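Chains L, Z and C, in that order, give the protein sequences.
So the working numbering is basically just the index in the first sequence, starting at one, shifted up by 70.
So the working numbering is basically just the index in the second sequence, starting at one, shifted up by 76.
So the working numbering is basically just the index in the third sequence, starting at one, shifted up by 76.
No residue lacks a Cβ here, since even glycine has one placed at the ideal position from N, Cα and C.
The structure appears right after this line, and notes come after that.
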Amino acid sequence: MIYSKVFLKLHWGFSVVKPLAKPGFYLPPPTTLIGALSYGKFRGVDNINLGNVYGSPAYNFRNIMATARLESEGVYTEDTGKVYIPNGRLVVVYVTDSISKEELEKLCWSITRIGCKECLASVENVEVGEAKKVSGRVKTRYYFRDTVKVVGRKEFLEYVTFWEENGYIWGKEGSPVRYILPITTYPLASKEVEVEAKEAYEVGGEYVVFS
Amino acid sequence: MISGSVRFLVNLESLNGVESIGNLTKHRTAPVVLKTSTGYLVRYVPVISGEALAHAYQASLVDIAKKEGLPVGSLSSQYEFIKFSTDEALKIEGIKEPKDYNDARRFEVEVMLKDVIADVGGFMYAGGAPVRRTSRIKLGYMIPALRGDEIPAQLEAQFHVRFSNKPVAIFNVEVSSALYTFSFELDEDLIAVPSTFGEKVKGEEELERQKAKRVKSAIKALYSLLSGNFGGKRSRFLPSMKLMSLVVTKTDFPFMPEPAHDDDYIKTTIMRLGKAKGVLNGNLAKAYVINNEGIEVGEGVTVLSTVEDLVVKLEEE
Amino acid sequence: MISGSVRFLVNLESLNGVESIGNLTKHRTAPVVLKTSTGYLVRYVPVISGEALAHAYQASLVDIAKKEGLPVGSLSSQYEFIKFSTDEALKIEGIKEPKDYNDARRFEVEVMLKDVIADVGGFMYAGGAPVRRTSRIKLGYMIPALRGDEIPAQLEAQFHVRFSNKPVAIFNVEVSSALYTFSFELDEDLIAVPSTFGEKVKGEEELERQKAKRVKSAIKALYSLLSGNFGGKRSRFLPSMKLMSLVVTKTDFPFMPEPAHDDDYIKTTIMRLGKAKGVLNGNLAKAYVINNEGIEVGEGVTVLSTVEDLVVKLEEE
DNA sequence: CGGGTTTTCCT
Numbered sequence: 071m072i073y074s075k076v077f078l079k080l081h082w083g084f085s086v087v088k089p090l091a092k093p094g095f096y097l098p099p100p101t102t103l104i105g106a107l108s109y110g111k112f113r114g115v116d117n118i119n120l121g122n123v124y125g126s127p128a129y130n131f132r133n134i135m136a137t138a139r140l141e142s143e144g145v146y147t148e149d150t151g152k153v154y155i156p157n158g159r160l161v162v163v164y165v166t167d168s169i170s171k172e173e174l175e176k177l178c179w180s181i182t183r184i185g186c187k188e189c190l191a192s193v194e195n196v197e198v199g200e201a202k203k204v205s206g207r208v209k210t211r212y213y214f215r216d217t218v219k220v221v222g223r224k225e226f227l228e229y230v231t232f233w234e235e236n237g238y239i240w241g242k243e244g245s246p247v248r249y250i251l252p253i254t255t256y257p258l259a260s261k262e263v264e265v266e267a268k269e270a271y272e273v274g275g276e277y278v279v280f281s
Numbered sequence: 077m078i079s080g081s082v083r084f085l086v087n088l089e090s091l092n093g094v095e096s097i098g099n100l101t102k103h104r105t106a107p108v109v110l111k112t113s114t115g116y117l118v119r120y121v122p123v124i125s126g127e128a129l130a131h132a133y134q135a136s137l138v139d140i141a142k143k144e145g146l147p148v149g150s151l152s153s154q155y156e157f158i159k160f161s162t163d164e165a166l167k168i169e170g171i172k173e174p175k176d177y178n179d180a181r182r183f184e185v186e187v188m189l190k191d192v193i194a195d196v197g198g199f200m201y202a203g204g205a206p207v208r209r210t211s212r213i214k215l216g217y218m219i220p221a222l223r224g225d226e227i228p229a230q231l232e233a234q235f236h237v238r239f240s241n242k243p244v245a246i247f248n249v250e251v252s253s254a255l256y257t258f259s260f261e262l263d264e265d266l267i268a269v270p271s272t273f274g275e276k277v278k279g280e281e282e283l284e285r286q287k288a289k290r291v292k293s294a295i296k297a298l299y300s301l302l303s304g305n306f307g308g309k310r311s312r313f314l315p316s317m318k319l320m321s322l323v324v325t326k327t328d329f330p331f332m333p334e335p336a337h338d339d340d341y342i343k344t345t346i347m348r349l350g351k352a353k354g355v356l357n358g359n360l361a362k363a364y365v366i367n368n369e370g371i372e373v374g375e376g377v378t379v380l381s382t383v384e385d386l387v388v389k390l391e392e393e
Numbered sequence: 077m078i079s080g081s082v083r084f085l086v087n088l089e090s091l092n093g094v095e096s097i098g099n100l101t102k103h104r105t106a107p108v109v110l111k112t113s114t115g116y117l118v119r120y121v122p123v124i125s126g127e128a129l130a131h132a133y134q135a136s137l138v139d140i141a142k143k144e145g146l147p148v149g150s151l152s153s154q155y156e157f158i159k160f161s162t163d164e165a166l167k168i169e170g171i172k173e174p175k176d177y178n179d180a181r182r183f184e185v186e187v188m189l190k191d192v193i194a195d196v197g198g199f200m201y202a203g204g205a206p207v208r209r210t211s212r213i214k215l216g217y218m219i220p221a222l223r224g225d226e227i228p229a230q231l232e233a234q235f236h237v238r239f240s241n242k243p244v245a246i247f248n249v250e251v252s253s254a255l256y257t258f259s260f261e262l263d264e265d266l267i268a269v270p271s272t273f274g275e276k277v278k279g280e281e282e283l284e285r286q287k288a289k290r291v292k293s294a295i296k297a298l299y300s301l302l303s304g305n306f307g308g309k310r311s312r313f314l315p316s317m318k319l320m321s322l323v324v325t326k327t328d329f330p331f332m333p334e335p336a337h338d339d340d341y342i343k344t345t346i347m348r349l350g351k352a353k354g355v356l357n358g359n360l361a362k363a364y365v366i367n368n369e370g371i372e373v374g375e376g377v378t379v380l381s382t383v384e385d386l387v388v389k390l391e392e393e
């Protein structure tokens, strides 16, 4: 199981509108991160024949694990929800085993935006390595699933609804999955939360929790 | 590709208004958080959206294209960028709707050949068999630089009156003056290339012939944005712009420069360009810089003086 | 097009006013962002609005149009430029409101054959079928030069009394002195040309006949602005004006000369004009310069002496 | 060395 870290500098912020008044999300979903990763290889094509229906040029990277977190302060504003965090930093962690280190690093250096067109984002540095799996009590900053238990004080937890990869095909709605975010609503920032969990990869001290 | 970061200085300005309240027209603002020794402060700062710039760029491209004889759509000849979105739009231009998924590529080629803006700008057709085309030009919001511990932007309300001989006549307008910065991306390599898998359909040879002219026109259209012909209320509130710092990078692989929010953002982008070329096995990497506020540049960069030189050098390569 | 940048020097002036407090009449002020050797700063400076300049220009145009035999609207004959916005103006003038979208062109041509002011300065009608016409002359706020670290402007208050034999009579007035700058744009290729898309409508032949006279009058109307007949409180606070520098450029393509903020803004705009004509595939580019402060100009530039010569040269070409 | 500005208005 290999892992990679990437540091992104944002220009003005990101904007992803909730499916189904147009409120937005607080942090990008894993689908957006996987698509941003896949952009490095599938650049220039917008419709590929999956075999039965044209749904997206991204239904092939669906088995890559990804998380992300903030490192600065920003504000969520509706005026079409947006998250303004100019000149901020975003740290993204990719954990997978499908491709070798070289391919993942090459695709990691090839990220241009997160969400819509305006949300450009530069790349400052990357790291590649091998991760280890543990199950003891850990402290994390990246968001995780709803089913994961919690030992600390419930003070900085929020609930959001994300979708699986099934939504990659047009004319179809993805399955709803609950997620827990360790975020302060105003102003936006990230806080550490201690969890027990069952699977957690050590990617440099900042343990990442998946289940 | 072509990537750019640009820094602007604007005075006594109102280009992007928003919903009117009472008898007042308001400017567009966004909240930012500023760090102080005591703590944090929330400040509202004027901005300019990313849609006005796209509209100005598309209008300039239309004006340039109609001079060289390239095809232009009927509804896009008028400055009405609805594009071939619904059936009513297709009826005026005279294009049959796509039959099924397998015939999508033919429809895309037909649209791409009947209108340049639908190619460079991109279009979306809703219906039973939707067709997509992402824009070849990416533009972001114009936000003043959050540099240091002070935000160099203000916003005031001005009072105006219309004179009449039989009183029975008052309005207010918000004006601003900031130090703006924005960055953009363009991919001239994907111009005049269809964006759907399948087999080649008759008519692609015309696109191959027109590729060079379309690329030249798309590059030429950047002069309008880099010269400052965007926004509104220019009849009575014509602004006063000026160029301070500009970095443009031309490569053969994905890359973008640092945001122009720090006082030293050219050295960082040059170093990162070197590293990215080293890691991604690129071949072409050139940087052009225009400097007017006297900040540190670095080494290994051609120094220009104006924007026309930049456009000439971009076209040559 | 005709694009210009002008620099004026005004002393002991009160031309634009705002709401009053107590017995004090205030001068319009606005914030500016200025670059100094220590960074960027924000200042509050007196300004003169652009709508006053537009009013002066349109009044001079009314005078010239009446003198030369061109038609002038009933309401605009008296210096009240409500134009054709509300229904009362339509009832007074005697023009039927548009019925549907297809009738918009008829309404525009009918309004455009009765008042030259509506043709040149544009107009707006709001209703079931709104009609818009953008102004053909573009102006902006009058700002003092942002040169160096010190803004060359000053504002103060003055004391005045009214005499009476039976006391029972004191007021204050703000007075300014500064070095103002402003720029303008006038596209004479669209004068006497309908803007709303549609079919041909009877009455365009008369417009084609009168186009030359309308263009001549529009160009002649700039003499008032270039001379200094604008602003209020001229009965007791007549200002002392003096031209210092002027650059006027005639082109066939969009172009904008540099703002008159730096001491070297004539050489730069000429170099940019040459390169822009080279790059945009233009066919005409002429420049005229009036210089009275001994700053750098360049080579191969027509040099005039007064403003009347400039107006005559613009008319002849 | 004595002497150091007096009113009537303030939209």
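Straight-line gap, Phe331(C) to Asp263(C) (C-alpha atoms, nearest Å): 11 Å
Min CB distance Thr210(C) to chain Z below 9 Å: yes
Classification of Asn157(L) by the beta-carbon crowding that lies within 10 angstroms, buried from 16 upward: buried
Cβ neighbour criterion (16 or more within 10 Å) applied to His337(Z): buried
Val121(C) versus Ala106(C): straight-line alpha-carbon distance, rounded: 6 Å
Residue from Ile97(C), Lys214(C), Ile219(C) whose Cα sits closest to the Cα of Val108(C): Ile219(C)
Listed by chain order, chain C residues near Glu369(Z) by CB distance under 8 Å: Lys111
Chain-ordered neighbours of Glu334(Z) on chain L, where CB pairs are closer than 9 Å: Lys79, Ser192, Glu194
For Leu302(C), the first and last residue of its enclosing beta strand (DSSP E): No beta strand (DSSP E) contains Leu302(C), which is instead part of the alpha helix (DSSP H) from 298 to 303.
Same chain, Cβ closer than 6 Å to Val387(Z), five either side skipped, listed in chain order: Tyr299
Within 9 Å, strictly: CB atoms of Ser136(Z) and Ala297(Z): yes
Beta-carbon proximity of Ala221(Z) to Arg83(Z), cut-off 9 Å: yes
Limits of the beta strand (DSSP E) - the one that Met135(L) falls within: 135 to 140
Distance between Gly374(C) and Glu384(C) (C-alpha atoms, nearest Å): 23 Å
Beta-carbon proximity of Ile366(Z) to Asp340(Z), cut-off 9 Å: no
Span separating the alpha-carbon of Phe329(Z) from that of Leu190(L): 16 Å
N-terminal and C-terminal residue of the alpha helix (DSSP H) that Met347(C) is part of: 343 to 356
Range covered by the alpha helix (DSSP H) that runs through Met188(C): 180 to 188
Residues near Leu283(Z) in its chain [Cβ-Cβ closer than 6 Å; skip 5 each side]: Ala268
Uninterrupted alpha helix (DSSP H) stretches inside the region 192 to 274 of chain Z (no shorter than 4 residues): 192 to 196
Residue 414(Z) versus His236(Z): straight-line alpha-carbon distance, rounded: Outside the shown range of chain Z (77 to 393) lies residue 414(Z), about which nothing can therefore be said.
Cα-Cα separation between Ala254(Z) and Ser311(Z), rounded to whole angstroms: 20 Å
Euclidean distance between Cα positions of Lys276(C) and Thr325(C): 34 Å
Proximity below 9 Å, CB of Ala294(C) to CB of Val196(C): yes
For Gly94(L) and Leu177(L), believed in contact at Cβ under 8 Å, the rounded distance: About 27 Å separates the two Cβ atoms, so there is no contact after all.
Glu235(L) and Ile104(L) closer than 9 Å at C-beta: yes
Unbroken beta strand (DSSP E) run spanning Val365(Z), endpoints: 361 to 367
Limits of the alpha helix (DSSP H) - the one that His131(Z) falls within: 126 to 144
Test item: CB-CB of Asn241(C) and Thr101(C) under 9 Å: no
Own chain residues within Cβ distance below 8 Å of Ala229(C), not counting five before or after: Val121, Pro122, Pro220, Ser252, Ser253, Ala254, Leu255
Buried versus exposed call for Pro100(L) [16 or more other C-beta atoms within 10 Å across all chains shown]: buried
Cα-Cα separation, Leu360(Z) to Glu173(L): 21 Å
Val86(L) in three-state terms, based on DSSP: coil
Chain-ordered neighbours of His337(Z) on chain L, where CB pairs are closer than 7 Å: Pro156, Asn157
Run of the beta strand (DSSP E) containing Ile78(Z), from where it starts to where it stops: 78 to 84
Pairwise C-alpha distance: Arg212(C) and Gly274(C): 21 Å
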